[PDB]
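First the structure, in the form of structure tokens, and then the observations on it.
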Amino acid sequence: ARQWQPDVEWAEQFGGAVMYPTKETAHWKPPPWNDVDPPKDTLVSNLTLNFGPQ
Amino acid sequence: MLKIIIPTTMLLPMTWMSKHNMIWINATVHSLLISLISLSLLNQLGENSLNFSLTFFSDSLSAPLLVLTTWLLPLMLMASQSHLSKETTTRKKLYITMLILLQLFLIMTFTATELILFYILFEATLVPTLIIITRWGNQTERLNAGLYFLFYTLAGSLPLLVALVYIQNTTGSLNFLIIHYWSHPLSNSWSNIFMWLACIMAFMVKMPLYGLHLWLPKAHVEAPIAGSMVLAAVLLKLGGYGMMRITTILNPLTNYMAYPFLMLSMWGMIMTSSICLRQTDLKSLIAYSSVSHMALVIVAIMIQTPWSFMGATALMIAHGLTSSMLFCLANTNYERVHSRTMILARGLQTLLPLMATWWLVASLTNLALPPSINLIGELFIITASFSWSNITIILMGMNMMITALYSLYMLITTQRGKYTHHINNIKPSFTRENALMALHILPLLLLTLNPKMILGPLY
Amino acid sequence: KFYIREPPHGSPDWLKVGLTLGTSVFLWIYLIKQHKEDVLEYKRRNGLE
Amino acid sequence: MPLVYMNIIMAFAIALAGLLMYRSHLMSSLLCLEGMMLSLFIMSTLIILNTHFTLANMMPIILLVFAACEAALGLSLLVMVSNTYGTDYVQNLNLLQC
Amino acid sequence: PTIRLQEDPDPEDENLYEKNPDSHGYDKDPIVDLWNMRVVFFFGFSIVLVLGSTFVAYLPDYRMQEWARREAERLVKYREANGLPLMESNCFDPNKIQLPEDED
Amino acid sequence: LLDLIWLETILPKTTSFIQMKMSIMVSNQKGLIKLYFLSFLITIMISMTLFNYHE
Amino acid sequence: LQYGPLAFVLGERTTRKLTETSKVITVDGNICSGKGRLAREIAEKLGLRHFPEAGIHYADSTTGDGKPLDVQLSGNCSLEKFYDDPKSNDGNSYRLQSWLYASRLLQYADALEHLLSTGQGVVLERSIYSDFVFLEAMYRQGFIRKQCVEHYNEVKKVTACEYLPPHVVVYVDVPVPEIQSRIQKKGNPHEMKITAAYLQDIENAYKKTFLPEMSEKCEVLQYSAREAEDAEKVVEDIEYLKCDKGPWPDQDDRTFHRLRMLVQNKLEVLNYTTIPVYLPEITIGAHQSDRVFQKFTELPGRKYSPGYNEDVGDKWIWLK
Amino acid sequence: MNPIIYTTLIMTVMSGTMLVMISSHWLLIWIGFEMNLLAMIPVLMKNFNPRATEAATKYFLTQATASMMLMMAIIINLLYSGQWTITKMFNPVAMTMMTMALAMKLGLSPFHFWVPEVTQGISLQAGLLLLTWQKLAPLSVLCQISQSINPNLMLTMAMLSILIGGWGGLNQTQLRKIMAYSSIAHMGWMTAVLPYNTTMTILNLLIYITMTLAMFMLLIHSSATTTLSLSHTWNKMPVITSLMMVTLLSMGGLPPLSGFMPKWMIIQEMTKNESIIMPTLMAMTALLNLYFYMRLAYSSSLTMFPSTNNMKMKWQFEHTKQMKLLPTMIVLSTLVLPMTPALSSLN
Amino acid sequence: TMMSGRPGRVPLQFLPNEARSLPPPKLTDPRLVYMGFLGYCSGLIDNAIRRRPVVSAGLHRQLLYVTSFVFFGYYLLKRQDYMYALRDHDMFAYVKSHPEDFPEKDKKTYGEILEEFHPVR
Ligand SMILES: CCCCCCCCCCCCCCCCCC(=O)OC[C@H](COP(=O)([O-])OCC(O)COP(=O)([O-])OC[C@@H](COC(=O)CCCCCCCCCCCCCCCCC)OC(=O)CCCCCCCCCCCCCCCCC)OC(=O)CCCCCCCCCCCCCCCCC
Ligand SMILES: CCCCCCCCCCCCCCCCC[C@@H](O)O[C@H](CO[C@H](O)CCCCCCCCCCCCCCC)COP(=O)(O)OCC[N+](C)(C)C
Ligand SMILES: CCCCCCCCCCCCCCCCC[C@@H](O)O[C@H](CO[C@H](O)CCCCCCCCCCCCCCC)COP(=O)(O)OCC[N+](C)(C)C
Ligand SMILES: CCCCCCCCCCCCCCCCC[C@@H](O)O[C@H](CO[C@H](O)CCCCCCCCCCCCCCC)COP(=O)(O)OCC[N+](C)(C)C
Ligand SMILES: CCCCCCCC/C=C\CCCCCCCC(=O)O[C@H](COC(=O)CCCCCCC/C=C/CCCCCCCC)COP(=O)(O)OCCN
Ligand SMILES: Nc1ncnc2c1ncn2[C@@H]1O[C@H](COP(=O)(O)OP(=O)(O)O)[C@@H](O)[C@H]1O
């Protein structure tokens with residue numbers, strides 16, 4: 001009776017990384033909701049110095 | 001002729017300022033008044049046009065189309081106000097605005113006096129129709145139907161714009177009168193062949209030609225009832241009007257060019273009339289009927305004889321009225337049973353007698369019964385084609401037989417037999433539906449009473 | 001009623017209304033005077049009046 | 001045209017190609033940009049010296065000034081990239097792929 | 001939840017004849033319904049249809065077809081009274097036409 | 001055979017397929033500036049030896 | 001002049017209105033603890049502004065008239081139904097959890113706006129920083145799914161990172177048998193259905209995660225049930241704290257300007273709550289959305305802007 | 001960022017563009033470009049995150065290489081004629097170098113790669129600035145030297161830009177990349193008519209800027225950066241989505257909307273020449289842009305997508321800061337076709 | 001291009017002194033009325049976007065919209081007319097000064113010109 005309106009299954013085809021998913025771009029992920037990627041916990045490497053004995 | 005253009009632009013704010021429960025009444029009343037006003041354009045001269053101003057003019061080919069448009073708007077208003085009952089007042093006013101804008105663009109289109117303005121309005125008509133189809137359709141295929149409708153049109157119409165600007169750059173003007181008086185023959189050149197194709201293909205797509213006709217079943221089946229009415233009645237005739245206007249420049253190139261289009265039109269006449277025999281969907285059957293009739297109109301325009309043009313004008317008017325009535329009749333059953341399958345609701349003559357006689361008269365006018373204007377136009381085109389070639393009668397003859405066949409098949413399937421047992425929600429026909437059917441059908445008979453009003457300028 | 005009283009006043013902001021109407025009136029008067037001056041200047045140049 | 005002009009123009013083309021080709025470190029690309037500035041400065045100075053145009057003797061100075069502005073801009077960007085990733089490798093700058 | 005949405009169920013059709021046994025199928029409010037019926041019938045059947053058809057039937061002959069008949073009668077009478085061919089195959093007088101002097 | 005298959009295949013389905021293929025080819029880039037500037041170098045070299053030579 | 005860049009370039013700074021007694025304070029305790037009365041006493045002794053704990057209809061109190069709206073038009077969830085049927089297949093549990101998180105986010109934004117606009121301090125009865133304990137209690141008891149937890153974590157990650165943690169974290173520790181006894185003595189039929197495992201999960205979450213996490217950036221003052229009544233002791237304990245560990249001492253005028261621009265514009269605050277993640281418990285179909293939204297605009301003072309609604313008494317509309 | 005510093009940087013960007021426009025000296029135009037880039041880099045990085053740093057770095061590298069090529073072209077022109085004035089560009093090799101430098105500054109294909117990445121990596125305000133204001137100076141310089149411009153190279157790059165913008169836009173779900181690809185296609189439309197009539201170039205520039213300002217301001221009003229986040233807007237701001245749909249139709253180029261006018265004038269100007277095939281290809285290719293505009297309109301206005309429960313709380317709050325001229329830009333972006341002959345005030 | 005460089009032209013004038021010898025557009029010019037309509041539409045869109053009664057919310061600001069659009073449109077129309085007048089003036093002068101490029105051909109009547117006839121059949 002009522003007009004057909006999109007459902008979750010319909011809306012999820014516009015929610016991917018790109019339209020037309022392919023073999024190469026299947027493992028792409030959509031960007032974060034706020035455009036802030038998590039900080040890569042880069043291991044800091046200090047300089048280790050022998051101070052002495054000579 | 002601003003006395004018709006300005007009242008529609010005034011229909012706009014009157015609708016947008018009417019109170020919530022009076023929009024349909026006001027729109028219907030004033031649209032009927034506007035159609036009464038536009039009826040005065042039928043007093044045509046016999047030698048030249050009615051040149052109102054520098055931008056608008058009217059001859060006896062565009063006056064019946066204008067009257068048809070102004071008359072069709074109130075019918076669409078009556079047909080729409082049933083399935084929009086639960087709709088909010090703002091979007092109801094938006095729907096009425098879409099219809100009013102469509103009428104305004106159509107009214108200016110049939111009277112634009114130079115080719116570029118005609119093109120602009122011709123393509124401006126696409127936006128309200130697309131919004132109507134893709135916003136107020138019911139099923140999930142309306143999106144794809146709108147996409148087909150838009151892109152089929154634009155792909156064929158952009159080369160028309162390029163050709164038009166080229167023609168004006170070469171000749172200096174695009175005003176129809178100057179184009180007619182200063183016309184010159186086209187040479188047999190590849191450049192001229194492609195300019196002919198660019199000028200013709202947009203209107204072929206709009207008719208539609210059998211080949212490029214795919215958008216039509218999708219668009220007419222997925223559209224709401226008013227959208228289907230305006231698509232079948234008026235929007236298909238834009239291509240015929242454009243051909244009858246643009247063809248003067250094209251000759252003598254048309255003689256050796258029209259062969260593929262004539263062959264496509266005749267064989268597709270046969271094919272699309274045969275398709276209606278095996279259609280399980282009613283609206284698709286009516287759409288393919290429209291395709292075959294418009295193929296006949298294409299043949300008439302291509303062979304370019306005075307009888308051809310008179311028959312084409314008569315057939316355009318008659319088909320507009322008949323197809324509108326058939327779509328409304330189908331929509332009544334659809335609102336009854338919420339399905340478009342033909343064999344779902346059967347034996348409706350037992351339960352809806354007056355609606356059954358409306359069905360009978362619509363089917364009779366569809367299969368070109370004399371002395372209706374449908375048969376006047378069809379027979380004039382058939383005589384012109386017989387003069388063109390005596391072998392056309394076979395194809396024409398075959399088409400008449402299949403047309404009567406599927407028309408009576410549709411009538412028998414929907415109306416006769418025994419009513420399906422399970423369906424018990426078939427309520428008696430409302431006064432609105434019966435009035436709508438009467439207002440489609442009475443003009444057809446009144447027009448066959450005085451047939452010179454829709455026979456075109458060649459009369 | 002409103003929990004807080006909607007900083008856009010419940011009465012018109014008479015200052016903004018004042019200068020808005022003032023600039024509208026000034027623009028209209030300036031346009032009328034410009035049009036009259038243009039008409040007179042054009043008639044003076046072309047030997048009409 | 002002299003042959004020194006060929007040599008200067010070939011130096012410019014070599015620096016442009018070196019910039020275009022990327023290996024790993026960003027620093028090397030900035031070196032190529034600064035080399036392109038050096039070649040442009042030398043070419044401008046030679047042309048300006050050869051035909052005695054006196055008032056254009058200042059434009060190589062302005063060219064060097066705006067060269068330094070580009071160099072500072074690139075160094076700031078390299079600082080921020082290295083802070084984000086720990087290396088100035090251009091391979092890391094691929095987030096805008098998707 | 002074994003579902004996908006918090007969606008309203010599809011409502012059933014509201015029969016207009018239920019609350020209004022004589023409902024005209026125009027509107028749910030009986031007064032507006034009756035007046036919609038009346039305005040449609042009056043401005044469609046009474047005003048546009050009948051009066052418009054009468055106006056169309058009595059339109060003045062701007063197509064100039066009785067005039068053409070009268071002119072044809074006068075020319076036929078004049079030409080037959082003078083032993084004329086009653087129609088000539090040259091639409092224009094050949095004297096005002098300058099053909100090319102030779103095609104050889 | 002004609003309407004639902006071949007008339008569909010020739011004009012609209014072919015158009016959609018070709019446009020989708022071209023869109024996939026054009027858009028799907030690795031995101032790396034190394035390849036972009038290699039393309040820039042190729043483009044510059046082509047312009048200098050083609051358009052420029054024919055003055 | 002509404003606060004913005006123009007009010008910042010000329011004049012207005014906010015470090016000249018911070019008077020060392022601001023001290024955003026949040027009180028945390030297990031269900032049915034004396035945290036509300038302790039917070040009220042603390043607020044009225046310290047001269048701060050007290051924020052009653054954000055419920056389902058908190059946003060209703062700050063918009064239009066303070067009167068709450070219908071549950072169908074705001075919230076679409078009830079706490080009573082969660083106590084009656086916590087495993088109902090309509091998704092009431094996580095819908096209530098997410099609506100409560102959004103309400104707490106809004107209340108935190110309002111408290112921060114008041115603090116940064118007037119300098120006066122605020123006292124909160126919970127925060128977005130401690131709302132996850134109920135999430136974990138629901139998850140461990142099987143009330144909600146893991147996907148709901150992931151959605152909550154995404155929203156909290158993209159939302160809570162933009163604000164400053166409270167200066168002082170006050171915890172009222174009341175053991176599970178005592179809070180059960182208090183619930184039994186309460187009189188509400190619905191609460192009495194809280195299993196002891198639920199309260200144990202809430203307590204476990206608070207002790208294991210909320211207090212250890214808040215220890216690195218806030219002042220944590222734990223108490224007991226008998227220590228809460230004497231609020232003078234708590235107030236004089238707050239007066240002798242050293243707010244030195246959090247991110248507050250590292251805030252300049254530019255950071256405050258950014259945060260003050262963020263705390264107003266509640267639409268920007270609530271932006272990431274409605275991300276297009278389609279969980280069946282919180283996703284609403286097009287028809288129901290349209291119907292409920294149309295019903296919302298039919299409310300007396302909700303059709304137009306807060307100054308242009310004629311049917312609530314707004315005059316001079318045509319001159320605004 | 002401090003508001004004073006941000007205002008200073010924006011005015012420095014604008015002053016660099018104005019210096020490019022008002023200068024008769026090649027060195028001063030180069031200085032204007034460099035000042036523009038120098039002040040433009042921080043604005044892209046106003047909101048700090050790794051993506052903004054990436055966008056700033058890529059933009060800086062591309063514009064610096066373009067500046068290199070532009071200065072080299074200037075020096076070669078000086079060598080072959082001791083002229084510092086922006087004129088006919090007496091040397092053809094220098095002219096080719098200058099054309100590629102300015103095209104890569106604009107983002108014309110095959111140099112189009114930087115634009116989608118930079119637009120996606122920055123905010124909507126920086127994207128608005130990048131896609132509207134940063135096109136004026138290169139186009140002004142190209143207009144000033146259009147007599148010596150090579151038709152074969154410029155038209156090739158314009159057709160490539162139209163094709164690539166149309167094709168790349170089809171694959172995009174993010175809104176910023178869609179806007180970038182539409183920008184590339186419009187750039188191609190602008191530069192196709194450049195060797196024939198610069199008035200048509202300026203007209204297309206103004207119409208495109210109006211439409212782009214309207215679209216970015218609508219996307220900022222409704223804080224949407226993806227297709228599905230814009231699918232929610234109808235449940236909070238239906239009028240905004242309707243206006244956006246009309247603006248999208250205008251962007252597509254369908255008459256009687258404002259967007260149709262620039263293409264209509266460009267086609268007429270090209271057919272005043274011989275030039276028949278290329279306008280036909282340009283229109284048939286702009287069909288692709290119309291297609292993905294319609295996809296956006298389907299997702300945002302002509303259908304109703306499922307919403308979330310938390311939208312009820314957004315229903316109670318108003319849009320705090322309203323951007324001025326949004327109403328004016330929408331009207332100028334839709335209902336201006338009848339005023340088409342007023343383009344004569346542009347030459 | 002074509003009109004960019006012309007003798008005796010002030011750079012940023014927008015309305016040269018020689019433009020005052022042209023008839024000013026009437027205040028009831030249909031293009032000015034369309035500009036006023038554009039202003040009214042801008043005012044209505046402003047009302048609708050800000051969630052105010054579209055037709056009746058702000059009358060002073062709608063009036064300001066309409067008058068601003070009309071005010072700009074008047075000078076826009078003046079400049080449009082001036083540029084078209086310049087185009088026609090220059091074209092006529094160029095035709096007059098180069099007679100050999102625009103020669104008046106001999107007048108032929110349709111009785112003398114032989115047009116080939118293409119039957120329709
Ligand atoms: C060519 C000839 C002329 C044509 C020109 C073009 C058309 C006219 C100009 C267009 C611009 C003008 C107005 C634009 C802003 C209005 C926006 C609006 O929403 O209006 C609401 C408003 C009603 O709202 P309200 O009363 O405040 O309270 C209800 C709530 O606001 C309710 O609020 P809500 O939140 O519930 O609303 C939700 C709704 C709201 O959504 C909308 O309303 C759509 C907004 C329209 C988009 C406009 C974009 C820019 C215009 C481009 C037009 C294109 C034309 C070309 C053809 C292509 C068509 C697209 O959205 C939806 O429900 C989704 C539906 C999706 C449908 C998609 C189609 C939408 C686009 C179609 C546009 C076509 C033109 C429409 C013109 C009128 C529309 C109001 O409408 C009006 O009242 C204004 C109508 C006009 C007033 C004129 C009256 C003046 C005095 C009358 C007398 C005349 C002279 C007297 C002298 C005679 C002597 C006696
Ligand atoms: C799905 C429905 C689509 C719509 C269908 C529209 C059909 C359009 C076809 C147009 C028909 C005429 C076009 C060509 C005119 C002449 C035909 C051709 O045979 O030319 C011959 C010449 O022989 C060769 O055929 C020349 C043409 C060879 C190239 C055409 C092959 C195209 C293949 C068909 C593709 C299908 C069309 C649809 C494309 C999507 C005639 O010899 P000649 O008298 O000396 O030349 C006359 C023309 N002159 C005078 C201007 C020079
Ligand atoms: C339910 C009960 C049913 C059974 C009972 C029926 C009751 C009796 C009916 C039977 C009578 C049959 C009618 C007999 C014919 C008489 C009418 C005839 O004389 O009028 C015709 C005239 O017909 C009219 O022209 C009909 C007008 C056509 C309709 C106008 C259109 C109405 C607007 C609707 C919109 C249509 C849009 C479509 C595009 C036009 C004759 O044309 P004409 O000889 O010259 O005019 C004569 C007057 N002259 C001599 C001064 C010139
Ligand atoms: C959708 C339409 C977009 C319009 C864009 C904004 C509309 C308002 C424009 C703002 C008006 C102020 C601009 C200038 C006013 C005074 C400055 C004066 O000196 O300008 C002179 C003349 O003014 C401007 O040049 C013309 C501005 C007119 C803009 C309106 C035309 C819009 C195009 C047609 C679309 C219809 C729009 C209808 C109104 C909405 C410059 O002369 P010149 O130094 O020699 O030009 C150098 C550059 N040239 C030669 C290459 C052109
Ligand atoms: C629903 C889908 C329908 C799609 C149909 C679209 C194609 C319509 C037919 C061709 C349109 C393009 C015609 C170009 C515009 C005409 C202008 C013109 O004719 O002027 C000619 C120019 O003629 C041309 O240049 C034509 C070039 C054609 C290139 C475009 C290729 C389009 C595809 C060609 C084959 C397909 C066309 C038929 C398909 C029908 C649909 C199935 C003369 O110009 P000059 O250069 O000055 O020459 C004389 C002076 N020496
Ligand atoms: N995030 C939440 N999830 C579920 N229920 C909650 C949440 N937050 C608060 N509640 C409920 O709100 C009710 C009131 O909380 P509480 O402060 O302990 O009572 P009181 O106001 O009397 O001190 C309690 O029944 C509690 O369970």
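Below, read A as the first sequence line, B as the second, and so on, with proteins coming before strands; counting in each chain starts at 1. One-based numbering, in listed order, for ligands and for the atoms of each.
At the top of the distance list for atom 7 (C) of ligand 4, counting protein heavy atoms only, stands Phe72(I) CE2, 4.2 Å. From the protein, the heavy atom lying nearest to atom 30 (C) of ligand 4 is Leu76(I) CD1, 3.6 Å. Atom 39 (C) of ligand 3 has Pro64(B) O, 3.8 Å as its closest protein atom, hydrogens excluded (heavy atom only). Looking only at protein heavy atoms, the nearest one to atom 31 (C) of ligand 3 is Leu39(B) CD1, 4.2 Å. Nearest protein neighbour of atom 47 (C) of ligand 3, counting heavy atoms only, is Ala57(E) O, 4.5 Å. Among protein heavy atoms, atom 4 (C) of ligand 2 sits closest to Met201(B) CE, 3.8 Å. Looking only at protein heavy atoms, the nearest one to atom 27 (C) of ligand 2 is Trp190(B) CH2, 3.8 Å. In terms of protein heavy atoms, atom 15 (C) of ligand 3 is closest to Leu449(B) CD2, 4.1 Å. Closest to atom 23 (O) of ligand 4, if we only count protein heavy atoms, is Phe14(I) CD1, 3.4 Å. From the protein, the heavy atom lying nearest to atom 49 (N) of ligand 4 is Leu346(H) O, 4.4 Å. Scanning the protein for heavy atoms near atom 6 (C) of ligand 4, the closest one is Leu332(H) CD1, 4.8 Å. Scanning the protein for heavy atoms near atom 45 (O) of ligand 3, the closest one is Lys452(B) NZ, 4.3 Å. Summary of contacts: the protein heavy atom closest to atom 32 (C) of ligand 3 is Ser53(E) OG, 4.0 Å.
A side-chain N or O of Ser38(B) and one of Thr70(B) form a donor-acceptor pair less than 3.5 Å apart.
Of all the atoms in ligand 2, the ones that sit under 4.0 Å from a non-hydrogen atom of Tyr256(B) are 15 (C), 16 (C). Interface atoms of ligand 4 facing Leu343(H), defined by a heavy-atom separation under 4.0 Å, are 34 (C). Near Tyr58(E), meaning under 4.0 Å from one of its heavy atoms, ligand 3 places the atoms 51 (C). Ligand 2 places these atoms under 4.0 Å from at least one heavy atom of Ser189(B): 51 (C). If you number the atoms of ligand 4 from 1 as listed, the ones under 4.0 Å from a heavy atom of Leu203(H) come out as 33 (C), 34 (C). Taking a cut-off of under 4.0 Å to the non-hydrogen atoms of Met339(H), the atoms of ligand 4 that pass are 36 (C), 38 (C). Per-residue contacts place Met35(I) under 4.0 angstrom from the following atoms of ligand 4 (heavy atoms of the residue considered): 39 (C). Which parts of ligand 4 touch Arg9(I) is read off a 4.0 Å heavy-atom cut-off, strictly below it: atoms 45 (O).
Heavy atoms of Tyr259(B) stay at 4.0 angstrom or farther from ligand 2. Close to ligand 4: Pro11(I), with a non-hydrogen atom less than 4.0 angstrom away. The shortest heavy-atom distance from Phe69(I) to ligand 4 is not under 4.0 Å. Residue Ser345(H) places a heavy atom less than 4.0 Å from ligand 4. Assignment of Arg79(I) to the shell around ligand 4 is supported, since a heavy atom sits closer than 4.0 Å. Between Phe261(B) and ligand 2 there is a heavy-atom distance shorter than 4.0 Å.
Relative ring orientation between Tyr210(B) and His213(B) is described as parallel, the plane-to-plane angle staying below 30° on a 0-90° scale split at 30° and 60°. A parallel orientation is assigned to the rings of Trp264(H) and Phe260(H), their planes being inclined by less than 30° (bins at 30° and 60°). Between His186(H) and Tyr208(H), the ring-plane angle classifies as tilted under the 30° and 60° cut-offs.
Note that atom 37 (C) of ligand 3 has protein non-hydrogen atoms nearby, at separations under 4.0 angstrom. Proximity of atom 17 (C) of ligand 4 to the protein is not indicated, since no non-hydrogen protein atom lies closer than 4.0 angstrom. Distance screen at 4.0 Å: atom 51 (C) of ligand 3 has a protein heavy-atom neighbour inside the cut-off. Per-atom contact check: atom 20 (O) of ligand 3 does not touch the protein, criterion being a heavy-atom distance below 4.0 Å. The presence of a protein heavy atom under 4.0 Å from atom 10 (C) of ligand 3 is ruled out. Proximity of atom 2 (C) of ligand 3 to the protein is not indicated, since no non-hydrogen protein atom lies closer than 4.0 angstrom. Protein heavy atoms are absent from the space less than 4.0 angstrom from atom 13 (C) of ligand 4.
With a heavy-atom cut-off of 4.0 Å, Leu38(I) does not touch ligand 4 at all. Residue-level proximity to ligand 2 for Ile193(B) is carried by the side chain, the only part with a heavy atom below 4.0 angstrom. Of the heavy atoms in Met3(I), none comes closer than 4.0 Å to ligand 4. In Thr199(H), neither the side chain nor the backbone holds a heavy atom less than 4.0 Å from any atom of ligand 4. Only side-chain heavy atoms of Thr210(H) come within less than 4.0 Å of ligand 4; its backbone N, CA, C and O stay farther off.
Look at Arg31(I) and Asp29(I) and you find a salt bridge, because one of the NZ, NE, NH1 or NH2 atoms lies within 4.0 Å of a carboxylate O, short of that distance.
No N or O atom of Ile207(H) sits closer than 3.5 Å to an N or O atom of ligand 4. Among the atoms of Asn450(B), some N or O lies under 3.5 angstrom from an N or O of ligand 3.
Here the shortest heavy-atom distance to atom 28 (C) of ligand 3, taken over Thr54(E), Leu41(B), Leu446(B), belongs to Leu446(B). Among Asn347(H), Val336(H), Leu12(I), the residue whose heavy atom sits closest to atom 41 (C) of ligand 4 is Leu12(I).
When ring centroids are compared, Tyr40(I) and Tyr65(I) stay outside the 6.0 Å threshold.
Panel note: side chain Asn192(B), backbone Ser187(B); a donor-acceptor pair is recorded below 3.5 Å.
Atom CG of residue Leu436(B) and atom CE of residue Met78(B) lie 5.0 Å apart, to the nearest 0.5 angstrom.
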